[PDB]
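Here the structure comes first, spelled out in structure tokens, and everything after it is commentary.
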Amino acid sequence: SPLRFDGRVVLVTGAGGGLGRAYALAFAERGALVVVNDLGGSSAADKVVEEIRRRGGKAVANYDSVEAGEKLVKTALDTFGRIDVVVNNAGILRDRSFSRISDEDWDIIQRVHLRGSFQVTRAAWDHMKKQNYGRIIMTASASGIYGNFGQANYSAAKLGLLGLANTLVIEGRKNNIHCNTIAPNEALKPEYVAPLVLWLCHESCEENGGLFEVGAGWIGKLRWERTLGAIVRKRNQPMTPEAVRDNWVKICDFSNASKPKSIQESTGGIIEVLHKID
Amino acid sequence: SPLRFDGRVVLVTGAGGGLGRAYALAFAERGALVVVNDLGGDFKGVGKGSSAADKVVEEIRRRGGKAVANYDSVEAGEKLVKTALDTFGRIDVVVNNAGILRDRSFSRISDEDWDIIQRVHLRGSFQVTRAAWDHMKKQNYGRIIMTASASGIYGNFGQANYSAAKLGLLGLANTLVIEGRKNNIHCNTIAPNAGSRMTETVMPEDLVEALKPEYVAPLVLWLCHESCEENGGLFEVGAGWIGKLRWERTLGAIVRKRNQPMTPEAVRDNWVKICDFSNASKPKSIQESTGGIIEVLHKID
Ligand SMILES: NC(=O)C1=CN([C@@H]2O[C@H](COP(=O)(O)OP(=O)(O)OC[C@H]3O[C@@H](n4cnc5c(N)ncnc54)[C@H](O)[C@@H]3O)[C@@H](O)[C@H]2O)C=CC1
Ligand SMILES: NC(=O)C1=CN([C@@H]2O[C@H](COP(=O)(O)OP(=O)(O)OC[C@H]3O[C@@H](n4cnc5c(N)ncnc54)[C@H](O)[C@@H]3O)[C@@H](O)[C@H]2O)C=CC1
């Protein structure tokens, strides 16, 4: 069956252009009731709404800053009586070599990207819980996953978003609230990522807590792997940095690495290590 | 040969107790000139006192080492480095360890609950590190430690603010690793497990007393030693065990075909492939990621 969002209210932030607008247009065309938001920095959002209405879809605009998150969800509620999907897309760039990053260059990036997504997602959270339905998208970036010269501020905010999502996955799974994160990328058409966002935000999708790099027509998934590592301490004998150095190769050897999935498992391993030594 | 830090100046933020304290004592015992910083407040973000830092500096002195205290909040990062510059004249290593908790279920995290965690953990580390950056570049040497956590890596109920800040620190380090390379400035991240005032509520009491901060100090000392070459690593450490983490990426799927609109249904149809990790690759750079997307265009056309 073709992917429809009929009756689903979808809030997209920073949807005045690029990726956002492309999601706004992709969603509405499949029956979604879209709340198009964009700080317009008011004509930015209005233009996309128009495109949607003209296309035979339904939508309304919101002109507030994601910093004013509560307001973006209010527009979804006051206009459609609910909120099902939140795509956190709003973002800006303030690239500088690390030493030249001013306090403001840092703060503004955290405010729009991270604090913005926290405010908006927090405003919709209880509504999603009470109704037992929610699909959330966080927009990370390769610069966050890998790092990238001149983007210390941006890379920290993007991975911070992943951290936020990891927890939301835990707190929301019981109420059918899914949260996934993407790292998207002239020829790199925004319509090449939109389909992944639509799938990840569909009611038939069961993916929760995934991290995805998207671009050019390709999609890949990322996860952590951890080395079996080494116990470099013996009971009654103080642990030394020399033991760490002398076991460095083993500690860093990824052969048969585990694929850790929760904090419990990690904590459980540490407690078992303590028991083996004792 | 035993690892020493003679002639090295080490700044440890939040060295008044727990992990920070164990690090400062270990460094000082090995010859390092240590600036022990601590705001002297509680683990919830309320308070200020000079005794936290003063006691550690006293313990170090009694053990025959040399240290000086700094009482500023990491939020005033630049001042910690100044204490290092004014007292010893250089700054070789920065261990960003200062931290607090403000646990609440997501819906109940207030704006201040969020902002204060970010200010101290992330913004504070950025401030302290940024203040030492040019000094390390001039010295053509530097060792930096960011303290993340398992809750940031895996997520953890009631800590959305904390977990975002902690992985946020990792994204900061990812970049510092690239920018500090030519100047021998290494930056590594750790996710420690040690019993402290900050962990009682998530650890049976006896487990608290048994998971010593002294079991993680050894790793921190090695990663900050001149002879260590590790740069940009992420390590989980506790009880005497150490392990390393890294990303693995699926080979994935090209769901788009030449002149044929890409659809959501196509993505759904290639889901098993997209999520299969057999022969996954181990990506390490944004350039290789960008090179890859560009190769996808070529393969398709
Ligand atoms: N296009 C690409 O290659 C990549 C994009 N990304 C991320 O994708 C997202 C959007 O990317 P693009 O469309 O390419 O960029 P963009 O800059 O065109 O889109 C951001 C949108 O955010 C809106 N905005 C800015 N501040 C706002 C605020 N305070 N409140 C509400 N809206 C606000 C802007 O008006 C703009 O339309 C961002 O989060 C960006 O970091 C990440 C990696 C690569
Ligand atoms: N112990 C554990 O199992 C884990 C610890 N961590 C992290 O390790 C670090 C240290 O944790 P613990 O030693 O266990 O806790 P702790 O509470 O004993 O030590 C933290 C120290 O930071 C100081 N501090 C707080 N806010 C400060 C500020 N603004 N400026 C300067 N100093 C400040 C406190 O006074 C305290 O001495 C933190 O960043 C924590 O989030 C992360 C995961 C697990």
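In the structure tokens, the first chain shown is A, the next is B, and so on; residue numbers restart at 1 for each chain, and ligands run from 1 in the order shown.
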
Set the distance at 8 Å and use only C-alpha atoms: which residues neighbour range 194-206 of chain A once local chain neighbours fewer than 2 positions away are removed? I'd like the list as a compact mmCIF listing (two decimals) with N, CA, C and O atoms, in the first residue's frame.
# COMPACT_ATOMS: atom_id res chain seq x y z
N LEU A 3 2.43 4.87 0.76
CA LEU A 3 2.58 5.61 2.01
C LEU A 3 1.78 6.90 2.07
O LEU A 3 2.08 7.87 1.37
N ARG A 4 0.76 6.91 2.92
CA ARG A 4 -0.11 8.08 3.09
C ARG A 4 0.00 8.61 4.52
O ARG A 4 0.34 7.87 5.45
N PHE A 5 -0.30 9.88 4.69
CA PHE A 5 -0.27 10.51 6.00
C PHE A 5 -1.59 11.23 6.27
O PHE A 5 -1.66 12.14 7.09
N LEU A 19 15.88 21.42 2.47
CA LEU A 19 15.35 20.19 2.99
C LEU A 19 13.95 20.34 3.59
O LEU A 19 13.05 19.58 3.24
N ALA A 22 11.17 20.78 1.08
CA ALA A 22 11.03 19.51 0.36
C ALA A 22 10.25 18.48 1.17
O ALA A 22 9.51 17.67 0.60
N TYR A 23 10.41 18.49 2.50
CA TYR A 23 9.65 17.57 3.36
C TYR A 23 8.20 18.06 3.44
O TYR A 23 7.26 17.27 3.42
N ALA A 26 6.58 17.09 0.23
CA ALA A 26 6.46 15.63 0.10
C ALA A 26 5.33 15.11 0.98
O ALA A 26 4.52 14.31 0.54
N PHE A 27 5.29 15.59 2.22
CA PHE A 27 4.27 15.17 3.17
C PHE A 27 2.85 15.54 2.73
O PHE A 27 2.02 14.67 2.51
N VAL A 85 3.74 14.31 13.86
CA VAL A 85 5.11 14.29 13.39
C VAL A 85 5.84 15.61 13.56
O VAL A 85 5.32 16.67 13.20
N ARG A 135 6.17 10.48 15.85
CA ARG A 135 7.29 10.23 14.97
C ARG A 135 8.07 11.53 15.03
O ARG A 135 7.52 12.62 14.82
N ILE A 136 9.35 11.41 15.36
CA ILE A 136 10.24 12.54 15.49
C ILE A 136 11.51 12.30 14.67
O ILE A 136 12.02 11.18 14.63
N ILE A 137 12.00 13.36 14.04
CA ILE A 137 13.22 13.33 13.25
C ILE A 137 14.18 14.41 13.76
O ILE A 137 13.78 15.56 13.95
N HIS A 178 8.44 7.25 18.11
CA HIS A 178 9.74 6.91 17.53
C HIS A 178 10.54 8.16 17.27
O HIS A 178 9.99 9.21 16.92
N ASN A 180 14.22 9.21 15.26
CA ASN A 180 15.31 8.79 14.42
C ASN A 180 16.11 10.02 14.04
O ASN A 180 15.60 11.16 14.05
N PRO A 190 17.52 17.93 -2.52
CA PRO A 190 16.83 17.68 -1.26
C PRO A 190 15.76 16.61 -1.39
O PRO A 190 15.38 16.00 -0.39
N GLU A 191 15.28 16.38 -2.61
CA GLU A 191 14.26 15.36 -2.79
C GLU A 191 14.86 13.96 -2.69
O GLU A 191 14.13 12.97 -2.75
N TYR A 192 16.18 13.88 -2.52
CA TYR A 192 16.84 12.59 -2.38
C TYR A 192 16.87 12.14 -0.92
O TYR A 192 17.21 11.01 -0.63
N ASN A 208 13.27 2.71 15.33
CA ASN A 208 13.34 3.66 16.43
C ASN A 208 14.77 3.77 16.93
O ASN A 208 15.39 2.76 17.26
N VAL A 214 22.30 10.15 4.51
CA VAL A 214 21.49 10.16 3.29
C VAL A 214 21.98 11.17 2.27
O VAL A 214 22.36 12.28 2.62
N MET B 262 12.52 9.22 -6.92
CA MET B 262 12.80 8.41 -5.73
C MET B 262 11.55 8.47 -4.85
O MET B 262 11.03 9.55 -4.60
N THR B 263 11.09 7.32 -4.37
CA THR B 263 9.88 7.27 -3.56
C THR B 263 10.08 6.68 -2.17
O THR B 263 11.01 5.91 -1.93
N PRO B 264 9.17 7.03 -1.24
CA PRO B 264 9.19 6.55 0.14
C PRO B 264 9.01 5.04 0.15
O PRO B 264 9.58 4.33 0.98
N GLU B 265 8.19 4.55 -0.78
CA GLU B 265 7.92 3.13 -0.89
C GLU B 265 9.20 2.38 -1.26
O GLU B 265 9.42 1.26 -0.82
N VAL B 267 12.20 3.25 -0.43
CA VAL B 267 13.03 3.19 0.74
C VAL B 267 12.56 2.01 1.59
O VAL B 267 13.37 1.17 2.00
N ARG B 268 11.25 1.94 1.82
CA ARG B 268 10.67 0.86 2.62
C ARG B 268 11.01 -0.49 2.00
O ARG B 268 11.31 -1.46 2.72

Taking only C-alpha atoms and all ligand atoms into account, report as a PyMOL selection string which residues have an atom no farther than 7 Å from an atom of ligand 2. chain B and resi 13-20+37-43+45+52+72-75+97-100+120-121+147-150+191-199

Counting only C-alpha atoms, a student should be able to say which residues of chain A come within 6 Å of chain B; what is the right answer, written as an MDAnalysis selection string? chainID A and resid 99 122 142 144 146:149 152 155:157 159:160 163:164 166:167 195 199 216:227 229:233 240:241 251:252 262:263 274

Selection file, N, CA and C atoms, as a compact mmCIF listing (two decimals), in the first residue's frame:
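Resulting contents of part31.txt:
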# COMPACT_ATOMS: atom_id res chain seq x y z
N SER A 99 39.68 28.61 17.56
CA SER A 99 40.15 29.75 18.34
C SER A 99 39.36 31.03 18.06
N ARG A 122 9.91 19.05 23.11
CA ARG A 122 9.37 19.01 24.46
C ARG A 122 7.91 19.49 24.45
N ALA A 142 27.08 14.91 9.02
CA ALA A 142 28.34 14.20 8.95
C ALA A 142 29.39 14.96 9.76
N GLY A 144 29.01 16.35 12.43
CA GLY A 144 28.86 16.00 13.83
C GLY A 144 29.43 14.60 14.09
N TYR A 146 31.63 12.84 12.21
CA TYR A 146 33.07 12.74 11.92
C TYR A 146 33.93 13.93 12.32
N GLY A 147 33.32 15.11 12.47
CA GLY A 147 34.09 16.29 12.78
C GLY A 147 34.41 16.92 11.43
N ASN A 148 34.70 18.22 11.42
CA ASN A 148 35.00 18.94 10.18
C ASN A 148 35.59 20.32 10.52
N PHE A 149 36.77 20.59 9.97
CA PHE A 149 37.48 21.85 10.21
C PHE A 149 36.59 23.10 10.16
N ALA A 152 33.55 23.43 14.88
CA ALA A 152 33.49 22.91 16.22
C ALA A 152 32.10 23.14 16.83
N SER A 155 29.47 20.95 14.81
CA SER A 155 29.66 19.52 15.09
C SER A 155 29.18 19.14 16.49
N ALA A 156 29.44 19.98 17.48
CA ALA A 156 28.96 19.69 18.84
C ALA A 156 27.42 19.72 18.90
N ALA A 157 26.79 20.70 18.28
CA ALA A 157 25.32 20.79 18.32
C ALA A 157 24.66 19.62 17.59
N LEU A 159 25.90 16.46 17.08
CA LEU A 159 26.01 15.18 17.80
C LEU A 159 25.18 15.29 19.09
N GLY A 160 25.11 16.50 19.64
CA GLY A 160 24.29 16.71 20.82
C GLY A 160 22.87 16.25 20.49
N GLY A 163 22.46 12.69 20.90
CA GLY A 163 22.38 12.34 22.30
C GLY A 163 20.95 12.53 22.78
N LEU A 164 20.34 13.65 22.41
CA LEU A 164 18.95 13.90 22.79
C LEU A 164 18.08 12.73 22.30
N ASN A 166 18.77 9.60 21.53
CA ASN A 166 19.03 8.32 22.21
C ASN A 166 18.13 8.15 23.44
N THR A 167 17.99 9.23 24.21
CA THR A 167 17.15 9.19 25.38
C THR A 167 15.68 9.19 24.99
N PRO A 195 12.37 11.26 0.82
CA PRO A 195 11.71 9.95 0.95
C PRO A 195 12.08 9.15 2.20
N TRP A 199 9.39 7.86 5.10
CA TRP A 199 9.32 6.48 5.56
C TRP A 199 9.49 6.42 7.09
N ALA A 216 22.20 11.87 -2.41
CA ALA A 216 22.35 11.44 -3.80
C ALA A 216 21.52 10.22 -4.27
N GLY A 217 20.73 9.63 -3.37
CA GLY A 217 19.94 8.47 -3.75
C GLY A 217 20.35 7.25 -2.94
N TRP A 218 21.33 7.43 -2.06
CA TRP A 218 21.82 6.35 -1.22
C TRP A 218 21.42 6.59 0.22
N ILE A 219 21.36 5.50 0.98
CA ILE A 219 21.02 5.54 2.40
C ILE A 219 21.83 4.45 3.07
N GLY A 220 22.41 4.78 4.21
CA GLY A 220 23.22 3.83 4.96
C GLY A 220 22.87 4.00 6.43
N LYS A 221 23.18 3.00 7.25
CA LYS A 221 22.87 3.10 8.67
C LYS A 221 24.14 2.94 9.53
N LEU A 222 24.23 3.69 10.61
CA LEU A 222 25.38 3.66 11.50
C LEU A 222 25.03 3.15 12.90
N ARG A 223 25.98 2.47 13.52
CA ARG A 223 25.83 1.99 14.89
C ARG A 223 27.22 1.89 15.51
N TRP A 224 27.27 1.83 16.83
CA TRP A 224 28.54 1.71 17.54
C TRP A 224 28.98 0.26 17.66
N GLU A 225 30.30 0.05 17.68
CA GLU A 225 30.83 -1.28 17.97
C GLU A 225 31.87 -0.98 19.02
N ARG A 226 32.10 -1.94 19.90
CA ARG A 226 33.03 -1.76 20.99
C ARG A 226 33.98 -2.97 21.13
N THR A 227 35.26 -2.71 21.35
CA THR A 227 36.22 -3.79 21.49
C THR A 227 35.97 -4.53 22.79
N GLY A 229 38.05 -5.21 24.64
CA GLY A 229 38.92 -4.51 25.58
C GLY A 229 39.80 -5.35 26.48
N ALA A 230 40.29 -4.76 27.57
CA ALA A 230 41.14 -5.51 28.49
C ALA A 230 41.00 -5.11 29.95
N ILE A 231 41.14 -6.10 30.82
CA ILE A 231 41.10 -5.86 32.24
C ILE A 231 42.60 -5.65 32.46
N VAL A 232 42.99 -4.48 32.94
CA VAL A 232 44.41 -4.22 33.11
C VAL A 232 44.77 -4.02 34.57
N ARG A 233 43.90 -4.47 35.46
CA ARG A 233 44.10 -4.34 36.90
C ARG A 233 43.97 -5.72 37.54
N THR A 240 48.04 1.00 37.14
CA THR A 240 49.01 2.00 36.72
C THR A 240 48.82 2.42 35.27
N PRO A 241 49.29 3.62 34.92
CA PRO A 241 49.12 4.01 33.52
C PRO A 241 50.03 3.16 32.62
N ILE A 251 43.52 -3.41 23.96
CA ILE A 251 42.38 -2.54 24.27
C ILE A 251 41.77 -1.98 23.00
N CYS A 252 42.62 -1.68 22.03
CA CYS A 252 42.18 -1.10 20.77
C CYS A 252 41.88 -2.10 19.65
N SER A 262 22.59 -0.75 25.00
CA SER A 262 21.96 -0.01 26.08
C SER A 262 22.92 0.29 27.23
N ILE A 263 22.58 1.27 28.07
CA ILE A 263 23.44 1.60 29.19
C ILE A 263 23.47 0.45 30.22
N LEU A 274 34.35 -6.20 37.69
CA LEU A 274 34.69 -6.04 39.09
C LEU A 274 34.66 -7.40 39.79

Within 9 Å of ligand 1, counting only C-alpha atoms and all ligand atoms, residues as a ChimeraX atom specification: /A:13-22,37-41,44-45,62-69,88-93,108,111-113,116,138-144,154,158,182-185,188-190,215

Can you check which residues of range 96-249 of chain B DSSP gives as alpha helix (DSSP H) on the backbone and send them as a ChimeraX atom specification? /B:111-118,124-139,150-154,160-179,205-210,217-223

For residue 88 in chain B, which residue out of B:142, B:56, B:33, B:21 is the nearest one, using only C-alpha atoms?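 Under the stated criterion, the closest residue is B:33.
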
Atom-to-atom span, CA of residue 144 in chain B and CA of residue 183 in chain B, Å: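 So the answer is 12.8 Å.
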
Within 8 Å of residue 123 in chain A, counting only C-alpha atoms, which residues qualify if same-chain residues fewer than 2 places away don't, as a list in words?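 Non-adjacent residues within range: residues 69, 70, 73, 119, 120, 121, 125 and 126 of chain A; 107 of chain B.
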
Proximity to residue 176 in chain A - best of A:59, A:211, A:128, A:161, only C-alpha atoms: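 The closest residue to residue 176 in chain A is A:128.
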
Residue set, range 36-268 of chain B restricted to strand (DSSP E or B), as a VMD selection string: chain B and resid 36 to 37 41 47 66 to 70 93 to 96 142 to 147 185 to 193 234 to 238 241 to 249 253 to 254

Using only C-alpha atoms, find the one residue out of A:8, A:173, A:74, A:96 that sits nearest to residue 207 in chain A. A:173
